Each structure stands twice: as structure tokens, then as C-alpha cells.
Amino acid sequence: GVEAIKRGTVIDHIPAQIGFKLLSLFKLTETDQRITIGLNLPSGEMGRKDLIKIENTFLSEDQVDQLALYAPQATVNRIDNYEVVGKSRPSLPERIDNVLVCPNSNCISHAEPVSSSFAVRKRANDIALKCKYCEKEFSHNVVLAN
Amino acid sequence: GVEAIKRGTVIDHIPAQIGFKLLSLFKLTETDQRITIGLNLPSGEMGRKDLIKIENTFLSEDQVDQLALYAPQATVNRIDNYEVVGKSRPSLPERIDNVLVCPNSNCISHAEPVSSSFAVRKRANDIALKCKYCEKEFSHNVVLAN
Amino acid sequence: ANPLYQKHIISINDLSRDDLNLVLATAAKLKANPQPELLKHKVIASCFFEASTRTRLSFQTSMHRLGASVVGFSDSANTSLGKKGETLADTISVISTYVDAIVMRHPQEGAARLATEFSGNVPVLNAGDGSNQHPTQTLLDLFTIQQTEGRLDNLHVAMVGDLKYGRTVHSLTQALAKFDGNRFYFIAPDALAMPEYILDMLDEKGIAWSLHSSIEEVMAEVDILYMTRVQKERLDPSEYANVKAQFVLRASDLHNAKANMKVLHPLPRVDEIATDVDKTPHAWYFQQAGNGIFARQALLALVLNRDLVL
Amino acid sequence: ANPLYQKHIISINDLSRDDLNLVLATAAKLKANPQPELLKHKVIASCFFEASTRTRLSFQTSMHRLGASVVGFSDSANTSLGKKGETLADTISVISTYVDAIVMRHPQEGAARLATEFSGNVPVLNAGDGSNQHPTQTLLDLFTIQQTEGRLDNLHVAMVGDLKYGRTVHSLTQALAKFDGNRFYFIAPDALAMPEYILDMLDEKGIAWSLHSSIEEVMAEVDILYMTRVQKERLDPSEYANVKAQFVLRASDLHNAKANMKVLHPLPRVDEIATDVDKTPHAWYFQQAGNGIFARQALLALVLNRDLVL
Amino acid sequence: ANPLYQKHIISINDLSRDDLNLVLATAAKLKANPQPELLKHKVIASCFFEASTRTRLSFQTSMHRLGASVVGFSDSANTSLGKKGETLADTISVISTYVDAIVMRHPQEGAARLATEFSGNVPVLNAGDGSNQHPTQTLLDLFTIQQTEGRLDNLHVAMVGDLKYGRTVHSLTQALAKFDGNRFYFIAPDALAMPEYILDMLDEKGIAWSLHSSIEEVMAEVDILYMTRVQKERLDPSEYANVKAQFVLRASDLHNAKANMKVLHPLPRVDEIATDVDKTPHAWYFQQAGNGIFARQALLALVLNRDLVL
Amino acid sequence: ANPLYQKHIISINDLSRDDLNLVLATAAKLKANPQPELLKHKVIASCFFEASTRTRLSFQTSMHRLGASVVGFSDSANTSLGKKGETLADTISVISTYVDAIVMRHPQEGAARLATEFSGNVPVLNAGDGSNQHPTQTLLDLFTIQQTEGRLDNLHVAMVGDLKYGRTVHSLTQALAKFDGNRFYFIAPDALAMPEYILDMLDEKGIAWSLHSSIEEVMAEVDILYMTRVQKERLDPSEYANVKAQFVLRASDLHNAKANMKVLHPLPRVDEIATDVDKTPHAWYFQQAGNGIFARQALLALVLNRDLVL
Ligand SMILES: Nc1ccn([C@@H]2O[C@H](COP(=O)(O)OP(=O)(O)OP(=O)(O)O)[C@@H](O)[C@H]2O)c(=O)n1
Ligand SMILES: Nc1ccn([C@@H]2O[C@H](COP(=O)(O)OP(=O)(O)OP(=O)(O)O)[C@@H](O)[C@H]2O)c(=O)n1
Ligand SMILES: [Zn+2]
Ligand SMILES: [Zn+2]
């Protein structure tokens, strides 16, 4: 497994294969700062989990929440002097920016200098995502078919 | 360093910010084996570097050489039972499949279900990469653009 | 500042009941009391990248009736912008460097809402963005229902024709759903039925609706009959002609209608309303087109004027 | 009479240093002090036989800000004139029988100068005649350099991009060459280098220039950086993408620039200036577009008005 | 003389179970033992008034693979002199005085049937008459179903995509509903379902059919998976792109597919079958195109030859 | 089986000096002793997705002059159904199930090479793939050089015109740089010079080449004068029409030309060779077109026939 850190965030309990989505999408590797990444770690407790440890970096508030659509069980932990100071769970945000794509080929978001913005509506058997632009509502299943 | 693996490859002394590129580009991350990664370390003289430890997987001669455009100092340690039973260095292959995008906008490679392939030549000074299809030649600088 | 002063009018959903009664109260007052030098020395861009002549001529006659100058274009028949990497963003960043308001019709949904990011402080009024919104057509309809029915509350409103694709009927159902006790009848061939998410919001608000198969069923209780164009091309030719007979209105059909019943249509009207309804007191679609002028003036007066005393 | 009163503005070379400071002094004064009824009751023809939307909308917003009326057209998408033996001469002899000024864009070089023979006493302002001149784009550039640098003399001006075909850069080099001690840096792919007859006139005047291979070389000493569009189609696709890396500007490149350094571009800007320069204080190309209004008003005020007290 | 000799092939519906079989037997013979000079000295007209290259190149290669000369045109626009007032009747009335058979594709339904009336006794062959019939397509689909499966009776055929407007899926259902024991699984969007009359014919014969929401619901039962191309333009962009997790085929969904299962598709293909499906054994749509030659060769050999010895 | 049997002809660069020679020997044989029924019973596809009539009529006449059937299309626009989403891969995947060889010209480079990957084992022949290769042109140029001169080694070849973008001049240089003792004189505008890499390959082999300003500088030394067509649209109108006294050929300039000198040109010709050059003995470009048939016949005979007896 990978060893403990002094200060930073350890994003524990990422299900398998999502840990790489999280690095790409939230661009966490773009810091010349110590990151330890363990992928397909066992932990009998989930069969397989992934775990990113970014040292001396504090993912705050919204950042935690954006992970809610990808690895909603990730325990986000602060460590700011040798041990776990806070422990956090991803909460669904009211809006998700940048990372999604609009499924509507005729939405203007597709050619233009524009960050996707979607409004989150949790409709019982799923979450609906409504684009800022074309205003169409989509099952997150369709926005993540991608 | 992180610590030690039983069986597998340790690619070490990948520059810094090239480490993620290698994980994504060459898909190292779609295995079920435990990969642990260190981004922006020291423990291979320079200052900072990256390290990818993939266990129970070892890389073929050519897979090692694929890393040469990105990583050329990187050493590809073949590890069996906690000791390095072998050390390879990326060297230039004569063909680079799948990973580059032909600069030529009117090349057919774009529109189509074909993997890119380039012919590599020269060494050290300028690497000239020639398209399989449009047969146009480009400096590797220009190919590694967008 | 009046509450719409300097606002971008991009969607009906962005506007409150009060913003809707504000635009509609002003339109009434400008119909009664014309204000021909109010926007003098203001220049308005009329950017129709998708050519729609009626919306355009209505919008630019409005701008002229408050003395604004108009500059602009209709592409479809092409100009120069749109192609050669000219991103819409970049186009808007150049245009709002010399106009005071931008009226635009665009083919891609979301385009007016993107203009808004780059115009800075010039207002963007949506004359139609793809299959999304068209706020200014809903404001002239609501103005025509108000003008004739005297109210916007407690109506019996039948939406007839292509309910699935009709942009116009989706916005009106959302806009009237903000007023109370409206009752809707939807008459549509099943291939063209009112899509679930509109019906869904009506439920959530406890607003009554039913689906009827022929206009005959509901004529008696209806105050406003909104006809939409069944795009012939939306069905195959033999599907189109062969409904049971059809969903076209003829004057005979109207003989049970209430005196206050009005037939509304966004136009073009090809064959869904026969020629002989025109002669009826109930035909209101050309008068409806003419209140596009008033509702369209309201907007330009409110967005561009800090205070209005009319 | 002011000295441009009733003159035809066809080329930069026809205008003196003083005529250039006159147009630019007026533009300053009309930006400060707007004159909205100055050309009232004047009708200006806007004849764009080659459709260029930005030059057109800028020219007609200008005409509207002095209260002139505009009549005109954009061909390219065609009208009726141009074909059926209708010689341009004959067209101008009919049009100047009822307008007061003619603004025209034409595809053939020399066309504005031929209009001049047939308009008699109506002024002809050139909005672009082929690959020849475009005086009004050079006047808004010179206005933007003056406005920002405070002077037109003693500058360090880098011309970057397609220098061989760029109409815009040839006129600016000729126009600034009339002011003193300007120093030019030309950065261009060799296929697109600044053609000998411009360099030739610079020599004859003892005006310094050099050619540099990358923008990095000269960033530090430069006051005005004028980017031109490298028409992708001017090279083959593999020639285009494969320069050494390229001649595109990104904000990082600007980190050694002087505080007073401005990036100028005639637009369209496709990829030669990356999106992230926009956010820099140095990006000035949209502000540059907006001074097209002021420089374009200057002209119409001066040509059409005998005396001006502003 | 064989059953189909000098007979007009215009609709699947007009050919009997025995005719279908005779076509498929001939075809399998010509495939094995090519007779390259059978139609030697016949001239065949390939009249595509609507153009399709695949069909036209399947058919002209069929004619040439049997040693016949071809004369013809393709179009979807102005043909040549054939446009001005020349009625299709008159066109046929003249061309049936030159050729030995007329293969024609045309945009309006019943064009090949009206043609039959002016051919004299020159057989016409329907390569597509609007949205009505395309019997040559269905013969090659049946030959391929039959050749991968050993039979045409007691098969569990799944049909996917645009079951409402797909011309091929309605002809193929009819055809396989002339054989015993077939079970159809229809998988389509609500907006693009199997028309009631296909279903009602299917019930009059006691044929088992069922509507399913997606492909992975029938994956394991299906012998033939006939995909059709879902057309973007008949649907709103947001509508089309939605449908939860779609009705596109990918290789992993083929993991629980029977050994003998083949995925057929009339082609073009773009969205609905992904490239990884190509290297799977279940990929049969390009070989399906190949079998067009034998189906088409058979049909020209029987219609044009008295006693066919093979 | 011969060297080229069932082999894909895609680039001059991929064929060896011995292959070139084998092509030219075959060609000279077929020319003398025509074998009109060699490809009897093959069907060849002539797929011009970009249209060229000369090339298409050289190639289809080659197929017919050897008794092969042809099926195909030409385009530069919408083909037929081949346009909507049908990727070239899929088009080839279907057509290689019908024909025996695919001759294709296409607008984007490497199209015939991507095609090779979907042909199965049906050989594809490159009639032009964008600005990359046109090997069939070069074989007929080499056959004509060889047939007027007796050899391909130790010739002084002058190449004129657009040496930068002329596809034919870069293939022909490569090809003649596989033979011994050749000297090239390159005469072109600075703006349209021989690309550095041709020149650098030429140096790696020790091949003597030189840049010259005009044709009358080499007139007396030159065995072959390969003119290419200077394209007006790639140059400013004043630029093109300038170049001092031009690089066009006229009959009087041929007075000090060697007896054996021939002026070749791939064609169209318009400006660069004047009509009086036609009646001179040195005129060889129409006979050069004629030799396309033998070059193309040879190439189809060898690729499609095992052991070629001639
Ligand atoms: N300086 C520190 C402290 C703890 N850890 C790591 O952070 C987790 C410890 O936080 P804590 O929530 O107490 O541990 P668990 O109980 O393992 O968390 P959970 O059960 O939620 O997975 C561990 O995964 C261990 O790898 C670390 O990396 N660096
Ligand atoms: N079981 C093991 C043994 C070594 N390593 C890693 O293998 C590399 C060390 O290779 P090795 O040849 O043992 O060491 P050197 O190359 O001699 O170390 P250096 O050059 O830094 O002195 C390092 O990436 C270290 O992380 C590993 O991951 N697992
Ligand atoms: Zn959207
Ligand atoms: Zn390429």
C-alpha cells in the first residue's frame, strides 16, 4: 500500500477505475507537489479501491462536492499535522461546471469558448442535469455516456 | 520512492508532469493489478521526477521504446521477488503507433477508424516523424502540439 | 431603475409573473399612448443569422416606432460572419462595441445565452434560439390573450396541432402555468403529443389538463384556442393526410364557441385554419401579429430606459 | 473649408501627415464630444459589392451616430447590378444622382478610384478595393496607436504574420513611415515576407527595420504588436502547421512586455492570438475595432462639412 | 419458362414464397458457378432518377458479371433534357424502345409501377420507389439470413432502430412472414415504432412478435439482429442524443449472443454499430452487401432468361 | 507470378527501379501488340470521389482496351447515398465485395492508403490522393521520356513552373532519382520553388541539380522540358502577371533547343505553352496523354494477371 503523509488531503475510497477519471477531470496532477496515487488497492472492505493522496494541498468545499457524481463514497480527509483532522463525504452540488459535455449536438456550447455549466436536480431514480445554454434536461446517464 | 513490489515493472525517473501523460496516453491504468504512482518525488538523482510501479505486468521491448519520445531517461526495471532482475532504457523505435495526431489537416487519418502511425528517423537533434497515410513529414515538435 | 432595466431577455423561465405583467402593462400603455422619440439616438443591432422575415420586420418596425436606428443583417442567404473561424463570441464582442441592444435569431440553442457573456453591458434580446426559446413570441400571445379575455388567470386554453415540436406552445404553457387556475386541453396526433416534462410541471403545480381527440369535444368551454403548424414534413405524406379526417379548423366547427373564444396562431398558417374562419369574429391571428409590435416595443422601452413615465 | 472638405478618400498615399493628424484629432474630439445631428438629412450610400459585414456595420453605425440616413446593399449574396452589362461607371453615375457620399467595398483593385470619375461631386470613401487600399482601416489603427501610445512618432512596431499579402500591414507601414523615427520589426514565415517595394521605401527614408524569426526576440522593446491573419489557405496544410512550432501569440509570450505594449489585430482572429491574451491588459483588438467608429465618423464629418466647430 | 420470366419485379408483397425461394436458389447457384456471358448482347438501362452509388454499383456490377451492356444515369437533380415536361410515362415510352430491361430508382412511390404500364414488354426492376418498396434489398437480406442460418423458417429475428420509416424493415417483415415459425423482437424508440398494419398482418397469421426496450433484453435469443440506421434529422438533436443509454451496438453486448447470430444492416452505418463490432464474428453487413451481387444477378438472369440452366 | 501481381500501386516512392522498368516494358509491349480480352470478365470500379475527366477517360479506356467491365462514379460534390456518415473505410469495405480492383481518386491525402486497409485483397490504384501521390501519371511521364530519349539514365531534365505545389514534378524527380547520371535544372518563381526535402534527397544521392531564373538559360542543354501549369489563384493577380518576361514557352525560344528535346506537360495547359509550340517537333504533351493508355493498361494487366505473357 502507500504510506501516510504529513499534511494534505487523502481521497480515500474511490471505487476502481474512477481514480484515474478524478485525476484527468479535476486536473489534480497539475501541481509540482507530491502526489501518491494507489490504484486497484485491495482493502477487503470494497474488493478494490483507488486512493489519491495529494500532499500539502487542501481541496475545499465545492471541490469535494464535484466528486459526488463520480466516486460518491470517497472519504475526503484533511491531514494538517501528521493525522486526520477532518473527514468529509461528497455531497451533490446544485451546479456542475467544466467537466460535462452537452448531449445536444445543436447546443452552441460545442464550438464556442464556453465552459459547460449544468444544473443538478435529483429526480428520485436518478439526477437530471439541465444545461445552462440550450436548457434541455438530461438523465446524468446520458451526460456520462459522454 | 514509495517502497517495494513483488513482481512487475517500475518505470522510474520519468521527468515531471510527463508521468500523467504516460499513464493516460499509453493506457497503463486499465489493468486490474495494483499500480502505485509517485508524482514529483526525489529518489533517482536530479531533483524531482515521477515513478510508476505496475505489478505483475512487465513491458515488452517495444512498449519500453514507446516511452522514448516522452520519457527517454526513464529506466524500466523488470522486478522479480523484490529485486531488480533487469533494467532497460527507452530508445527510438522506427514507428510510433496510435499516440500522435498528424499535423496535416487534410490527411485522411482524421476522419477515419485508423490508428495513426508515423515513421521515425534521425536521432538526438531533430526527430522527423513521417505519416503512414499522407506520407508528409513533420518535426516531432510540431506533431507534439494539438 | 425599472426591474428589467438593462436585462438580457433570453427565456420565459427567467421572467417572473410580475416581470410578465410589467411588459404587458407597458404594451397596453404604448398602444394607447405612442412614444415615438423615446429611443431616439439609440442604435439597435438586428442580427438575424437565421432568417425569419416576420419576426425581423416586426422587431425593426417596433424599434422604428420609438425612433431607434437599426443596423443588422439576415444570414441564411449569407453575409460573411459565421464562417472563417469567426466564433459567435468574437462576433458579439465586436458588435456591442457600437450598438446599445442586440436582437438576435440563431439556429443553435443557447446562442442568445452565450451572447450575454460577451456583450458585457449591451442587452441581448432573443428573437429565437433554435428549438429552445422565443420570449418575444410568448409576450405578444399573452398580450393578445389578456387584451381579449381581459385576464390571464382562470382560462380554458386548448393547444392544438404539433405539440411535441412546437417551441411556441411549450413556452406559453410554462408562462400561463405561472398564473392561476388555468385549464389546458391538448389536441394533438399521438406522434406529436405534448412531451412529458411540460405535463410533469403542470402536475407539480396542481394545474389541470386533459388530452382530447377532436376539437368538437372541447369547443364549448374554451376561451383561447391556440393552433400550431403541423409541419407536413414531420410525418410521412400518407401519415399526414390520414389522421381520422384531420385537426384543421373550419368556421362550421366554431358554431358552438363562446362569444369570447379567440383562435390564435403564431403563423404561417398553411391549412390548419381554413380561409372561412377569417371572416368569423373569433379569428384573431392577424390581430395577434399586430400586438407583436406593442409587446416588442415594451421590451425595448423597459431594457433601455431607466425610468419610464408614459 | 476644412482641407478634406469634399474629398474622395481612396488611398493612404493620397493623404498627408497633416490630413492624417486632422482625421485623428477629430476622432478624438468626437469620441469625447458626440455630435448626433451633424449629418442629419444627409443620405449616404453603403454599397458593399463585396460583402464584408464588420466593415459595413461599423461604417453604417458611424453614419447613424451623426444622424445620416443609410441606403445601400451587400452583393456577394447578389442583388441585380454588377451583371447584365451594368458597368460600375454607369452604376455610380445613377447612384450619385441622389445620395451625398458613397462608401463602397469592391473586389477589383482601382474601383473606388474609378467611382471618383463618375460621381462628379459626391464624395467616394473606400471601404476596400481588392488587394489595394483600405484607408479607413489604417485610420482606426493609427487612431488606436495614438490613443494608447500617446504618440505616432518614435515607436517600436512589430508586424507579425502574413506580411506579403496583408493589405492592412502594407498601408500601416506606409502611413507610419510618414512620421519620424519609427522602427519596424517584421516577423513572418519566409513565404509570406514583406514584399521588396515596402522595404525599398523604408530605406529611401532612412527608416530602420529588421526581420526577426520569433516574437521572443523582440518582445522587450516593442510598443505596438500588429498581428495579421495567416490565411490557412495561403500555404499547404502541412506547411501551415509546420513552421518551427508557429507565430501565434499566447499570454505567456507577453511576460516580458512593456506596460505600454498593445497587441493589435484587424480581425478575424482565428488562432493567431490565443484566448488567454484577451484577459491580459495588452489585448487591444476589440477596443481597436471600436475606434473604427470614431475614425469612421471623423471622415464623414470632415468630407461632408465645410467648417467644423466641435 | 421459369416463373419469373419477363415478369416485372416491383414489390416483395407481389412475390410468393415460392418465387422468393426460386430467387434464392438461383442466386446461390450463380454464386458458386458464375455464368459471365449469360446476358451477352442484352443492353440494360440503369435509370437512377434518385442516386445511390452502392445500389447502382451492386446492380451494374451484377449486369456486367453476367456480360450485359449498360446505359443509364443517376440524378437527385436535373438529369439532362429529362426534366422539362417529359413525364415519366414518356421517358419510359421512349427508353423501352432501346433496352431489354429498365432498372430504376425514383423518389416518388409507385414510379416503377406506373413505369410497367409504359414499358411495352420490357421488364422494369425496382431499385427503390420512394418510401414504398425496395424488393432487391430484401432478396439479398433473405439470401444472407438463409445462408448464415440454413433456413428462413423458425428464426428469432430482432429488428432495431427506425422501425417506423425504415423501408427495408417493413419489406423484410412481410417476406419472413411468408415462412413458418418466426418470432420477431421489435426494438425501437416510441417515436419510431413498428407501424400498426405490419403488426396487424403479423397477427392475422398467428406470428409471434414483441416490443422490447433495448437490445440487451433479447441479445441471447436472437438469431438475426437487423439494425437500421437511426436518422438524426427526423428527430430534435436533444431527443435523438438522449434515449437513456441508446440503441447502438457495441462488441461487449455481443458476449451473450448465440454462436450463429449475425448482425445485418442495409448500410450506411455511422452511429448504430460501433467499429469493434467489425472484428467480431457476428459482423455480417459487408458480406451482406457482397450478397447483393448474387441476389441481383439471379433476378436479372431469371427475368431475362427463358429456361435458366445452372 | 510477376513482381506487381495483386500488389497495391499507391506511391512512386514505394516502387523500385526494377518495378518502374517492368511497368515500362509491359506498356511498350501492349502498345505494339494489343491484348484486347486480357481482363475479360473482370469488373473494375472507377471511383472518382474527386473528378478529373482526362484521367478517368485514360483509365476507363485502359480497362476497356483490355476487355474489362467498369462500374463507378465521379464527384467533387455529393456522390449519391455515399456522403451521409459512410466513412471511406465502409465504402471500401462494401465495394471490395463487388469488384476486382478499385481505381480511386480522392481529395485528401492517404485515402488510397487507408483504402488498402479495407480492400481485403482487392488491389486499389491511386489516381490521385490529394496533393500526395499520383503514381500513374509518373509512369506515363517516364514511359514518354524513355520512349523519346531511349533511356532514363544520364538525361538533363529541366522542370518548370510551380515546383512548390506541382504533385507531378515532386513524384517525377523522385522517380528519375532512382536512375544514374541525371542532371536537373529547376526553373521556377521564388514563391513557387522546389521544396527543400526534394533537394536534400537529391543531395544524399550525389545528384546534380541547379536553380535557374528562366528557360532560355538552359534551353540548349535540356533533353526533357517538363512544364507545369502555373496557377493564377495561388498568387496575387499583379504578382502572377508580372514576373518580368515570364516563364511561358513559345516557339522561337525552341530555336536553340536540341534535336531530341521534347516539351512535356501533364495538362491542362492554358498560359504556359503557346499554340505555336504545337506545330514544332518538340511538342510532345498530347502524345504524352496518349501514352497514359499504355502505362495504365500495363499496370492493370500486371496487378490483375499472374504470369503476363506478352
Ligand atoms: N498522514 C496521514 C494519515 C492517514 N493517511 C491514510 O489516510 C487513511 C486514514 O484516515 P482515516 O479516515 O482515520 O482512516 P480509515 O479508517 O482507513 O478511513 P476510512 O475507513 O474512511 O477508509 C488511510 O487510508 C491511510 O492511508 C495518510 O495517508 N497520511
Ligand atoms: N521491489 C522493488 C525494488 C525496487 N523498486 C524501485 O526500483 C527502482 C530501483 O532500481 P534498482 O536498480 O534497485 O536501483 P538503482 O537504479 O541502483 O537506484 P538509483 O539509481 O536511484 O541508485 C526504483 O524505482 C525503486 O522505487 C521497486 O519499486 N520495487
Ligand atoms: Zn446544452
Ligand atoms: Zn498524415
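What you see of chain D is 2-311, where the numbers are those given in Swiss-Prot.
The backbone N, Cα and C atoms fix where each Cβ goes, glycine too.
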Same carbamoyl phosphate site per Swiss-Prot - residue from D:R18, D:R106, D:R235 joining D:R55, D:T56, D:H135, D:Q138, D:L268, D:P269: D:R106
Between D:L268 (carbamoyl phosphate binding site) and D:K85 (L-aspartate binding site), the C-alpha gap once rounded to whole angstrom: 35
Top Cα neighbour of D:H135 (carbamoyl phosphate binding site) in the set of binding-site residues D:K85, D:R168, D:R230: D:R168
D:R106 (carbamoyl phosphate binding site), number of other Cβ atoms within 10 Å: 25
Candidate nearest D:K85 (L-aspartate binding site) in space, where candidates are the binding-site residues D:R55, D:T56, D:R106, D:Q138, D:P269 and distance is Cα-Cα: D:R106
Pairwise CA distance, D:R55 (carbamoyl phosphate binding site) versus D:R168 (L-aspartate binding site), rounded so that it is a whole Å: 16
Extra residues within 8 Å (Cβ to Cβ centroid of D:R55, D:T56, D:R106, D:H135, D:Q138, D:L268, D:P269), carbamoyl phosphate: D:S53, D:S59, D:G129, D:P267
Which of D:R55, D:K85, D:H135, D:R168, D:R230, all binding-site residues, has a Cβ with the fewest other Cβ atoms inside 10 Å: D:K85
Candidates D:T56, D:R106, D:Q138 (binding-site residues) - the one closest to D:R168 (L-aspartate binding site) by CA: D:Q138
Members of the binding-site residues set D:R55, D:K85, D:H135, D:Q138, D:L268, D:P269 whose C-beta sits under 8 angstroms from chain C: D:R55, D:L268, D:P269
Cβ-Cβ distance under 8 Å to D:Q138 (carbamoyl phosphate binding site), same chain, at least six residues away: D:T56, D:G129, D:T169, D:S172, D:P267, D:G293
Densest Cβ neighbourhood among D:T56, D:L268, D:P269 (binding-site residues), 10 Å radius: D:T56
D:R106 (carbamoyl phosphate binding site): secondary structure state under DSSP, collapsed to three categories: strand
Cβ under 6 Å from ligand 3: qualifying binding-site residues of D:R55, D:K85, D:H135, D:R230, D:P269: none
Euclidean distance between Cα atoms of D:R230 (L-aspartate binding site) and D:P269 (carbamoyl phosphate binding site), Å: 7
